[PDB]
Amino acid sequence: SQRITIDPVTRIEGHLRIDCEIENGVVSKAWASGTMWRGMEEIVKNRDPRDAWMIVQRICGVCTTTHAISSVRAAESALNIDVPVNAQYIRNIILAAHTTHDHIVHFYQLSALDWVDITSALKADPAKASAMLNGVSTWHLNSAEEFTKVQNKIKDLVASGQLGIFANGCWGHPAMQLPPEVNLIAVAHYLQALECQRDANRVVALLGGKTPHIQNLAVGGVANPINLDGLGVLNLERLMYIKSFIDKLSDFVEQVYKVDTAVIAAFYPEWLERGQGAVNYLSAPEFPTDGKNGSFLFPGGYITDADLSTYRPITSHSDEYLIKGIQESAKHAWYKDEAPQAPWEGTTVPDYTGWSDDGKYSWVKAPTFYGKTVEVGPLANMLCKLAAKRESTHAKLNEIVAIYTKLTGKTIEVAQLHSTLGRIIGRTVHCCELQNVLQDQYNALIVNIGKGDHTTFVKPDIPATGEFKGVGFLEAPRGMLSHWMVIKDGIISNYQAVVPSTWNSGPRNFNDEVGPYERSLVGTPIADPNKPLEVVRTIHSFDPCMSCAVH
């Protein structure tokens, strides 16, 4: 039984340590550890409920926007506020555009170099690389000439002997299975992605006031002043500018990102056969479109036993079934109180004891839903949508499968979605569907303004006395996010965040059940224990965010 540690795990957000036991070239047991804590839950305590979102947004700047919106939703929940529909349109556009940037960056900047060897890309024939994409994609930047410009940038980087960021990576590793040509294709796409994600953030910026960290929200709605005829406010000219960037996203997402995920899968088919993190999945519905915080564009729900037939829909952020099930345990985390806590009754009292395989080993709490461990994130959200018979999701998944089929002569069944590649696929599908969310919600805003509705804000009435508890759900890039606020005598008496990477990276829980990261690693083949590329591959599929996991 050989012991390895990967610390730091790079190409994630935040500070993560992964330990594995390896027996007979295969990991037999794992531990995931969040190694940095800030105490954000305590930092926002005792403040006006209206101030929380600006503070708690700083839980993470990668999934910026998410904690901000979840925080206001939680205050709105506590105070029984109906959000103006214009304010929902605005929040929705921001969330969808942000998640667009987020998924693109995760696939390319954070994940690609797990599966792609840049040194191999040097050996490629650009003409052949370009040719093998004919009839596979309509992207306009797949020319031999584009690929050569990219190849020369790599050559020159290598020539300088300053590889920097790209130095000492897993080049030449036995698990790198792409031909030189598709290595070069992917690197060219990596660079192109950076343009696409910038456009996505320009959408976020025009509504948020900037990004990272938007600044246009309020408990009660948004701070954008809608006035078609106003100077210096959200007028038609500004809305046209927003639309201009929304329109630039779809092609890269559909013709590159979507196609590259089927291509990666085609060359790594056994990764559809490992990396399962859980048999239980949860997602919240997202993108409300009425004046009552409901009518979501995306459905949510709960699946158990890896069986879509068990699908229990969740179509309301006020669903008591969802609210009552959630608890967190610090039995194996560095906090004092170890029994499972409902977040409204949660505590976060640090108790650092150092690393113990059998005791406490992480700053991440271990969440459960009615006692079960649950994977959250795009896989969970895809499975829920499939189970809900959302035609759009089936159609989009089938589009990716169809490309995989053209490439391999094989198909992908729902059973193979419980896997490292299935998880990657769920995220790509999410990103693709979000482009229609952006178009629909922009149009809805335009038409609603046309009807004469410029309302963006409902003034919160926060009573000077009495206790109020609120919970704000949000389906973030990485999974179901929830903020839990208790107000007492007009100020925050308790605040607890249960974040998607908390579900996934959580350590062993109150009954010692390992979390999704830890479960997913069991069975991972290791060619070289000094270069455990294979574990990093699986862990990256969850898109770890540790400032999120720990806060």
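We number the residues from 1 along the sequence you see.
Do the CA atoms of 28-36 or those of 64-72 have the higher mean B-factor in the entry?
Stretch with the greater average CA B-factor: 28-36.
Greater mean Cα temperature factor according to the PDB record, 514-522 or 478-486
Per the PDB record, 514-522.
Residue of maximum C-alpha B factor among 248, 202, 258, 459, per deposited coordinates:
Reading the PDB entry, the winner on C-alpha B-factor is 459.
Most elevated Cα B-factor in the entry, residues 315, 86, 216, 192:
When the deposited C-alpha B-factors of 315, 86, 216, 192 are compared, 315 is largest.
Sort the modelled residues of this chain by their C-alpha B factor and say whether residue 44 lands in the lowest, middle or highest third.
For residue 44, whose C-alpha B-factor we compare with every modelled residue in the chain, the answer is the highest third.
Split into thirds by Cα B-factor across the chain's modelled residues, where does residue 429 land: lowest, middle or highest?
Bottom third by C-alpha B-factor.
Select lowest, middle or highest to describe the third in which the CA B-factor of residue 274 falls within its chain in this entry.
Middle third - that is where residue 274 ends up once the chain's C-alpha B-factors are sorted.
What third of the chain does residue 325 rank in for C-alpha temperature factor, lowest, middle or highest?
It belongs to the lowest third of the chain when residues are ordered by C-alpha B-factor.
Determine, from the deposited record, the chain-internal third of the Cα B-factor for residue 491: lowest, middle or highest.
Within its chain, residue 491 is a highest-third residue by C-alpha B-factor, going by the deposited values.
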